[PDB]
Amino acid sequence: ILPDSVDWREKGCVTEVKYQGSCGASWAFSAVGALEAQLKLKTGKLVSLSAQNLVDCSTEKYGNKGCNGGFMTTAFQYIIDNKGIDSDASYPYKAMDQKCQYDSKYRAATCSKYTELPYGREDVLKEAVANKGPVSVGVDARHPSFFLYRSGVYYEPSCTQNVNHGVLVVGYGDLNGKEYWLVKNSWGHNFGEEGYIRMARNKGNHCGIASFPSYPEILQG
């Protein structure tokens, strides 16, 4: 029996909401967000990791296209291959494609492995959020209602299971008669609930939230 609700912000495992601007780098923010939580669990320190590092350096070999989109899972593979990722402080976000400037002197995290969860399984996603930490997911965000969301549990009848926007599931719950996923976005603090959106849960893989989940791990050693 899983907890009725989870919120990894309450364990100090979630950094401030970021603002991607005109650069389509949500995949990079989702990836660093998932890795930030594992880093805090392992080291006790909460430090924002460089989404710009991924935009500039996790490119064609990883199937990623910087400000034109990418994947959280291949971002994790880049961090594994590169043996590190810089802090956001040392390598801050510029919302444009730049030359790779990774510097091991400012490495703030590593990645050992990642896990991909099965397509559409919200029960498996619930277990991973409860037992492993925040989970990178894609959602279908191509609806005016998503851009216009302010509060409550989001439900868009015309949503599809085909994803196009990377976000971070940091928890789940059940409030006001509605089950939801707690989602950290990267559209700044003025979007939604202080930068978060609660999305309908157990409504048939609504907006594809459980289509392509993945999470990284940092192992001892």
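Position 1 is the first residue in the sequence shown; the rest follow in order.
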Worksheet item: Looking at the entry, does 164-172 or 63-71 show the higher mean C-alpha B-factor?
Response: 63-71
Worksheet item: Which has the higher mean CA temperature factor in the PDB entry, 80-88 or 131-139?
Response: 80-88
Worksheet item: With respect to C-alpha B-factor, does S26 fall in the lowest, middle or highest third of the chain as deposited?
Response: middle
Worksheet item: Compared with the other modelled residues in the chain, in which third is the CA B-factor of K45?
Response: highest
Practice prompt. Sort the modelled residues of this chain by their C-alpha B factor and say whether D7 lands in the lowest, middle or highest third.
Written response: lowest
Worksheet, complete the sentence: Here the Cα B-factor of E156, set against its chain, lands in the third termed highest
Worksheet, complete the sentence: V124: CA temperature factor from the record, placed by chain third, in the middle
